[PDB]
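Protein chains: 2
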Amino acid sequence: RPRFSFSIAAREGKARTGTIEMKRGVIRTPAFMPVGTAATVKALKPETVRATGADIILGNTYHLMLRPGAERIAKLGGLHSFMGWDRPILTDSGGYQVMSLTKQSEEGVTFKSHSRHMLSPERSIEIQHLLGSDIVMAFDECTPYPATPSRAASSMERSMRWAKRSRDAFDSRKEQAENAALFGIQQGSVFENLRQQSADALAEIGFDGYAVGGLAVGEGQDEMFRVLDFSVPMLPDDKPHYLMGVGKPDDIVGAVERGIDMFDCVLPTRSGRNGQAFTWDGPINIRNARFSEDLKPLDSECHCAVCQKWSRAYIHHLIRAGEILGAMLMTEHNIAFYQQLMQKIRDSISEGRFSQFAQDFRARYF
Amino acid sequence: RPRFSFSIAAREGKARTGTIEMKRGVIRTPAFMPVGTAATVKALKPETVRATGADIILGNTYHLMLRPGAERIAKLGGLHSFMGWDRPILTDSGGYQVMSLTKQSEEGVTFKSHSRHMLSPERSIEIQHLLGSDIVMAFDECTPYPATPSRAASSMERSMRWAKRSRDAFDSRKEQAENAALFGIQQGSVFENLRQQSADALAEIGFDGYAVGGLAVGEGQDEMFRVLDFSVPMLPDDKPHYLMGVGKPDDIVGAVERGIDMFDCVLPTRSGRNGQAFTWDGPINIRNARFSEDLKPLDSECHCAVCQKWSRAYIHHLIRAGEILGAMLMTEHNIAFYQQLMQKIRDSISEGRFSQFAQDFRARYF
Ligand SMILES: Nc1nc2ccccc2c(=O)[nH]1
Ligand SMILES: Nc1nc2ccccc2c(=O)[nH]1
Ligand SMILES: [Zn+2]
Ligand SMILES: [Zn+2]
Numbered sequence: 011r012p013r014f015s016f017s018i019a020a021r022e023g024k025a026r027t028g029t030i031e032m033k034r035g036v037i038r039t040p041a042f043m044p045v046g047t048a049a050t051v052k053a054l055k056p057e058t059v060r061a062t063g064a065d066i067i068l069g070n071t072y073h074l075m076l077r078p079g080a081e082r083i084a085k086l087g088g089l090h091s092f093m094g095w096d097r098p099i100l101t102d103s104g105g106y107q108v109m110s111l115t116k117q118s119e120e121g122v123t124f125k126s127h131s132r133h134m135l136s137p138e139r140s141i142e143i144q145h146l147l148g149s150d151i152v153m154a155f156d157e158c159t160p161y162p163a164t165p166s167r168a169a170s171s172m173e174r175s176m177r178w179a180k181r182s183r184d185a186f187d188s189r190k191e192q193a194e195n196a197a198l199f200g201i202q203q204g205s206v207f208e209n210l211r212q213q214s215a216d217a218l219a220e221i222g223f224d225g226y227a228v229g230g231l232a233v234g235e236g237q238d239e240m241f242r243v244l245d246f247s248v249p250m251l252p253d254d255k256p257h258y259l260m261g262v263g264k265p266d267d268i269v270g271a272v273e274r275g276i277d278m279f280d281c282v283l284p285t286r287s288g289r290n291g292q293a294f295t296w297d298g299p300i301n302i303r304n305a306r307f308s309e310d311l312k313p314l315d316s317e318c319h320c321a322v323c324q325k326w327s328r329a330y331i332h333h334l335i336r337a338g339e340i341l342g343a344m345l346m347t348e349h350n351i352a353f354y355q356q357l358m359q360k361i362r363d364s365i366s367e368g369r370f371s372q373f374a375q376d377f378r379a380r381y382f
Numbered sequence: 011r012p013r014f015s016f017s018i019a020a021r022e023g024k025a026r027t028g029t030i031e032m033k034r035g036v037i038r039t040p041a042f043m044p045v046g047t048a049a050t051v052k053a054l055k056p057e058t059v060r061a062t063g064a065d066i067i068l069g070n071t072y073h074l075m076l077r078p079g080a081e082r083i084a085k086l087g088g089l090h091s092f093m094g095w096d097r098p099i100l101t102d103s104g105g106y107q108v109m110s111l115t116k117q118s119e120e121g122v123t124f125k126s127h131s132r133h134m135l136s137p138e139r140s141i142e143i144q145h146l147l148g149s150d151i152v153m154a155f156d157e158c159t160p161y162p163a164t165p166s167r168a169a170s171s172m173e174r175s176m177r178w179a180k181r182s183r184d185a186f187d188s189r190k191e192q193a194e195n196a197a198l199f200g201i202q203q204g205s206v207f208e209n210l211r212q213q214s215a216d217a218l219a220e221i222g223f224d225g226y227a228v229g230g231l232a233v234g235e236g237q238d239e240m241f242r243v244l245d246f247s248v249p250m251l252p253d254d255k256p257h258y259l260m261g262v263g264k265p266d267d268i269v270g271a272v273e274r275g276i277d278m279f280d281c282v283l284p285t286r287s288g289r290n291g292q293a294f295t296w297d298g299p300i301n302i303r304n305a306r307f308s309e310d311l312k313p314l315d316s317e318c319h320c321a322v323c324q325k326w327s328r329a330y331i332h333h334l335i336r337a338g339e340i341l342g343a344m345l346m347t348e349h350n351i352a353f354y355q356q357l358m359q360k361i362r363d364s365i366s367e368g369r370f371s372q373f374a375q376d377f378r379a380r381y382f
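Going down the list, the sequences are from chains A and A'. A prime marks a further copy of an entry chain. So the first sequence is residues 11 to 111, 115 to 127, 131 to 382, counted in the entry's author numbering. So the second sequence is residues 11 to 111, 115 to 127, 131 to 382, counted in the entry's author numbering.
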């Protein structure tokens with residue numbers, strides 16, 4: 011088990027399928043990472059998360075640095091033993107969440126805990145180290161949407177300076193540099209020239225993987241794909257491409273077609289508790305009266321435990337009754353559905369029939 | 011597998027240990043029945059409930075007749091397939107919940126859904145049949161606490177008339193009378209003569225088991241035990257004795273010492289989500305700051321999955337963060353703890369050392 015090794019086993023167009031080997035395990039790509047906000051993938055035990063097929067989960071730094079605190083989790087042995095997940099864990103830098111859920118300067122960002133806090137590239141990298149993150153994300157400044165070329169450039173340029181600092185901060189910490197990986201984050205809003213600048217600077221600094229940031233800011237899928245079309249090719253081909261905050265089945269398939277290898281999004285979990293269930297025939301709102309006496313499983317083909325044991329009628333009842341089990345069952349199904357999606361994606365690419373799979377997927381889902 | 015067969019395998023004082031054989035399974039007594047309010051044991055999958063050691067669960071008729079409706083559940087195949095629990099299920103008559111969570118008459122009770133509804137002995141028995149209940153409880157009128165001798169007598173006498181009606185309603189339904197069992201409920205508040213009257217009337221009508229009702233109404237454990245001391249002996253010795261709504265470790269041990277064979281209470285589940293965890297050293301509130309960095313499991317001896325994988329510090333974090341997993345883990349532990357309690361009880365009685373076990377239990381728990 012090497013610190014980090016990305017191998018591409020097959021391609022079709024811009025799409026790629028392969029593996030990322032790390033000390034804590036192998037990550038099959040394209041990969042979908044279930045999101046674990048506060049040291050938990052909402053409503054699911056780690057074993058359940060793994061059982062659905064996930065090889066890696068995403069840990070939210072923002073919430074953890076606040077509660078229960080990075081230093082504390084390190085004192086308890088790290089995020090891995092703390093939450094009972096022994097496989098790889100990717101941690102975001104926290105800057106994003108801060109700018110969403115404040116005084117900003119070239120040194121970093123200061124904010125009030127919804131207490132006062134300072135978060136810089138150095139502190140971000142240290143927090144992720146304290147948590148014991150396997151894939152560390154560089155600390156960046158997200159660019160609001162819409163953004164003017166000038167503003168986008170300033171932010172992108174600041175992010176690149178911050179990327180260099182993240183890099184050095186990471187390399188300066190022996191244990192971290194030797195057991196974990198560092199991903200740089202491309203910015204530049206929807207402007208091609210900025211994206212190119214960011215890509216080259218990122219490549220110039222050198223990272224283990226490259227993320228495409230600033231694309232989950234309210235733009236439509238059409239604009240996102242347009243941006244991906246010219247952005248992903250700018251990134252080093254032999255390293256993973258990670259589309260941050262992007263999920264939603266059809267979004268994922270389109271991004272893979274454009275070269276993305278990694279995904280994360282709260283939709284599976286959040287929508288689940290909200291009553292939305294993903295199926296190959298598109299999403300459905302289980303709370304709708306039409307499911308009150310529907311004995312069929314959430315999805316007719318899904319092989320997840322939920323679809324094997326319970327009906328839509330029962331889950332319909334639980335969600336409308338505000339029952340915790342409803343949240344558990346919906347979330348397990350959705351995450352299982354997402355992993356199943358990724359598996360079909362990896363298989364179709366390995367078999368040189370991903371294009372057909374994508375077409376067939378869209379035809380039925382919509 | 012007979013319809014109903016209670017066998018006592020061992021005794022020590024008033025305590026008894028044995029089994030109740032029913033079509034859907036064997037129930038080891040003394041037994042604790044996890045409570046499933048709205049067709050679910052809050053925060054737990056049926057397999058998990060079973061894994062903790064439960065042989066039977068209690069289904070709340072009240073909530074089910076309202077949502078999703080008895081007729082509907084019968085249409086979907088019954089409570090068993092609806093919730094994924096194929097073992098025995100005991101259903102309360104619903105009258106209690108109505109008088110708690115309204116126009117009362119000799120024919121029954123009318124109430125407003127917190131819609132208008134009528135619930136009589138006949139309707140109660142039919143609802144439980146529609147749900148597919150294995151152990152049907154007679155429809156009774158609970159006696160408020162405190163209650164005067166006159167009022168207690170009127171209510172007890174009405175309950176006895178209602179017990180006869182429940183009996184006939186049950187026997188008049190072929191499929192139900194042949195596959196399920198019927199338990200009568202003793203009333204009479206804290207008055208010995210009324211309890212005796214109720215017991216004889218109940219015995220006169222004849223039931224498969226006898227419950228001691230009206231004892232979870234705010235009286236202290238001292239008064240409850242006093243009542244149990246003279247009440248339980250009045251009930252037929254060769255049939256199960258069920259103390260309704262009574263849980264809380266020390267309450268259970270004391271009631272077994274006084275001849276009770278069956279228990280149910282929401283404390284395990286409700287307290288769990290509230291942050292209270294039961295241990296052999298007494299209950300603890302996991303939210304307390306003293307557990308923020310406690311790496312030990314909820315309880316040092318518990319063999320439940322939660323205590324094998326997660327620390328008090330993690331569960332402390334989840335509960336304070338309002339995380340669903342916290343509710344899941346706390347509830348699994350508590351129910352597992354309750355089942356472990358019952359096992360130690362059954363074993364000590366089988367081994368003629370229940371008295372010592374009770375003494376040792378109290379010494380440490382308190
Ligand atoms: N740090 C960071 N995190 C993100 C998460 C989702 C979408 C976008 C981003 C982004 O641009 N930067
Ligand atoms: N039907 C019924 N249910 C109960 C539940 C808990 C305690 C007491 C009672 C009782 O007396 N009757
Ligand atoms: Zn499913
Ligand atoms: Zn435990």
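The beta-carbon is built from N, C-alpha and C at its ideal position, and this holds for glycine as well.
Collapsing the DSSP output to three states places A':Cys323 in a helix. Counting only residues of its own chain and dropping the five nearest sequence neighbours on each side, A:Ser15 has a CB closer than 6 Å to the CB of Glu31. Interface flag for A':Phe14 against chain A is unset, since no Cβ pair is found closer than 7 Å. Where A':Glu142 is concerned, the enclosing alpha helix (DSSP H) starts and stops at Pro137 to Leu147.
If you check the CB distance, A':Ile201 and A':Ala163 do not come in under 7 Å. Within chain A, the C-beta atoms nearer than 7 Å to that of A':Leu311 come from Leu86, in chain order. Within the DSSP secondary-structure output, A':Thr29 pairs in a beta bridge with A':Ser17 and A':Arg38. Per DSSP, the unbroken alpha helix (DSSP H) holding A:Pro165 starts and ends at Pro165 to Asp187. Neighbours of A:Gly94 across chain A', judged by C-beta separation under 7 Å: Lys325 and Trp326. If only complete runs of 3 or more residues are kept, the stretch 204-271 of chain A' shows the beta strand (DSSP E) at 225-228 and 257-259, in order along the chain. Considering only beta carbons, the part of the stretch 35-51 of chain A' lying closer than 9 Å to chain A consists of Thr47, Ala48, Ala49, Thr50 and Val51, in chain order.
With a threshold of 16 other beta carbon atoms within 10 Å, A':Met134 falls short and is exposed. Residues of the same chain with a CB within less than 8 Å of the CB of A':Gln107, apart from the 5 flanking positions on each side, are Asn70, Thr71, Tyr72 and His73 in chain order. In this structure, the C-beta of A':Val322 approaches ligand 4 to less than 6 Å from one of its heavy atoms.
Per the C-alpha coordinates, the member of A:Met250, A:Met75, A:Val248 and A:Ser131 positioned closest to A:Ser103 is A:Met75. The beta carbon of A':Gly35 lies closer than 7 Å to those of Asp65, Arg97 and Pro98 in the same chain, with the five residues before and after it left out. In the three-state DSSP reduction, A:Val282 falls in the coil class, being neither helix nor strand. Among the residues of chain A', those whose CB is under 8 Å from the CB of A:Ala53 are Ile340, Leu341 and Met344, following chain order. Counting only heavy atoms of ligand 1, the residues whose C-beta sits closer than 6 Å to one of them are, along the chain, A:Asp102, A:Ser103, A:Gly105, A:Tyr106, A:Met153, A:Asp156, A:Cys158, A:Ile201, A:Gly229, A:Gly230, A:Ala232, A:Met260 and A:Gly261.
Its Cα nearest to that of A':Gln292, the residue A':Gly342 stands out among A':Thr50, A':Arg38 and A':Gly342.
By the C-beta criterion, the stretch 18-28 of chain A is judged to be in contact with the stretch 259-277 of chain A, since at least 3 inter-stretch pairs fall below 8 Å. Residue-level contact check: A':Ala271 does not touch chain A, since none of the beta carbons of chain A fall below 7 Å from its beta carbon. The beta carbon of A':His349 sits no closer than 7 Å to any beta carbon of chain A. With a cut-off of 8 Å on Cβ pairs, the stretch 176-188 of chain A' is in contact with the stretch 135-145 of chain A', counting three or more such pairs. Cα atoms of A':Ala379 and A':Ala20: separation of roughly 25 Å, rounded to the nearest angstrom. Here the stretch 298-308 of chain A' lies against the stretch 328-341 of chain A', with 3 or more beta-carbon pairs under 8 Å apart. Placement of the Cβ of A':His349 at a distance of less than 6 Å from at least one heavy atom of ligand 4 is found.
Taking C-beta atoms under 8 Å as the contact rule, A:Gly87 and A:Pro56 fail to qualify, at a distance of about 15 Å.
Assignment of A':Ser118 by DSSP, reduced to helix, strand and coil, places it in the strand class. In summary, A:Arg369 is exposed, with fewer than 16 beta-carbon neighbours lying within 10 Å of its beta-carbon over all protein chains present. Assigned with DSSP and collapsed to three states, A':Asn350 falls in helix. In the three-state reduction of the DSSP assignment, A':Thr159 falls in the coil class, being assigned neither a helical nor a strand state. If you check each beta-carbon in the stretch 62-81 of chain A against every beta-carbon of chain A', the ones closer than 7 Å belong to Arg77 and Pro78.
In summary, the residues of the stretch 296-321 of chain A' whose CB is separated from some CB of chain A by less than 8 Å are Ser308, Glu309 and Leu311, in the order they occur in the chain. In the DSSP secondary-structure assignment, A':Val51 is bridged to A':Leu54. In the DSSP assignment, the residues bridged to A:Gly69 are A:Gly46 and A:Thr101.
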